[PDB]
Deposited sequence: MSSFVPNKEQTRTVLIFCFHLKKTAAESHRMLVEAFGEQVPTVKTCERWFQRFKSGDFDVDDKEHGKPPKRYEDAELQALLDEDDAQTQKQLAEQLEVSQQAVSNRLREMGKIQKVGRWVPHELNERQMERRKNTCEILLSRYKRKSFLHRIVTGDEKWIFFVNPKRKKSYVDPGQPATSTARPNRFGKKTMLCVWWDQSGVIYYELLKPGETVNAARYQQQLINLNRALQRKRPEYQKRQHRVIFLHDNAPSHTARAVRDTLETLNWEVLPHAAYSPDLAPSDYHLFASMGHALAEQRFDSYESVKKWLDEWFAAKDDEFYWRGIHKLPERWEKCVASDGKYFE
């Protein structure tokens, strides 16, 4: 009856009764019948038993040689880590299924890259690196974030649907969503805030623009609202290089307010707290959220800003230095 495993047990038991090899074998036929391993394989078990080898496991078997080294497929990734299996395959003379396996066998996983706002010129980066160095230099001499009042502009549609993920048996349809229309109803939000909260915001009506003209009016209203909400206020103002924000007219509206405008490189939303922090948070919050009327957008926004904590804003602003640092370490290339 017994298998190589059950057999070796016996031969250990037979070993421990001082039975000789050939003796044990006789007992096996006596016990189980003719169909028991040959004497030769008893003599063998015995020969290793005498060494303290009662190790049950077969010694490691034979294996077809790997038709390509690990470090070989690894060094292909070292040139272009974003190739398909089929592409790697035809460089290693194996199938894709083969390249499927060895990538699973090595620690490797497949992950999808980041979208970055803009392709940056050899120069575009230099400007970033500079600004970031400049601000850090200042940051070390004296913390000044406590003086920062930034703000920016962000669309808010009346419907924000996301593609839905369904848990269902294989080869079945996942509940589907209807596209967000590119030319749907939307209202521009313009919001200004500081490390202690949101100072002032305007929610523009559907078709409304922001021009050198209106921008002025706004930061004068901001000023008015600043006077009451921030009594202690000099003051530092951070905003991106909108065609509207660099307006000859507006530049002067800032001088005549005695506001210091922190330098800001273009295509750098990763350095604008309004974008990388405030809005980013709102992005999550707006998911699948509907707005029937312009009134409710303002009501949601109102309760949304209000129901934030204090630290939330504080944290947004104080992550600047960390970003300026990366912004330099990454040498101007996006760092996010």
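- Identify which parts of the deposited sequence carry no C-alpha coordinates, going from the N-terminal end onward. Counting from residue 1, the stretches without coordinates are 1-4, 238-242.
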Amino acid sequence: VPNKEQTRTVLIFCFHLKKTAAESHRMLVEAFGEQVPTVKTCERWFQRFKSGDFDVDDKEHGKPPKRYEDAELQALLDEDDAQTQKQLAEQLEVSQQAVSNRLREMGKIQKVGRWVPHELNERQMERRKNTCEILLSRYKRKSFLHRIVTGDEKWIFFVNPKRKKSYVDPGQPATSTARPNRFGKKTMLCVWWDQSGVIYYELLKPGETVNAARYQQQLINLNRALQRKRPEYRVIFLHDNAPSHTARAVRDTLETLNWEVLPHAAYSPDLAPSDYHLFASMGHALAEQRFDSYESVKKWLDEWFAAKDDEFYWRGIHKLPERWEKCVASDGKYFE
From here on, numbers count along this sequence of modelled residues.
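- Message: Please compare 158-166 with 74-82 and say which has the higher mean C-alpha temperature factor in the record.
- Response: Stretch with the greater average CA B-factor: 74-82.
- Looking at the entry, does 214-222 or 111-119 show the higher mean C-alpha B-factor? The recorded data point to 214-222.
- Task: Sort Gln172, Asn101, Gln227, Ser95 by C-alpha B-factor from the entry and give me just the highest.
- Result: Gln227 has the highest C-alpha B-factor of those listed.
- When you compare the CA B-factors of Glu288, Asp275, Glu43, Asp55 as listed in the entry, which one comes out on top? Within the set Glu288, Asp275, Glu43, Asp55, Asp55 shows the top C-alpha B-factor.
- Query: Hey, what third does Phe305 fall into on Cα B-factor, ranked over its chain?
  - Reply: Lowest third.
- Message: Which third, lowest, middle or highest, does the C-alpha temperature factor of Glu105 belong to within its own chain?
- Response: Its C-alpha B-factor, which the entry lists for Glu105, ranks in the middle third among residues of this chain.
- Would you mind checking where the Cα B-factor of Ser137 ranks among the modelled residues of its chain, as the lowest, middle or highest third? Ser137: CA B-factor falls in the middle third of its chain.
- Item | Third assignment of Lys129 from its chain's C-alpha B-factors | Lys129: CA B-factor falls in the lowest third of its chain.
- Task: For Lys326, return the chain-relative third of its C-alpha B-factor as stated in the PDB record: lowest, middle or highest.
- Result: Middle third.
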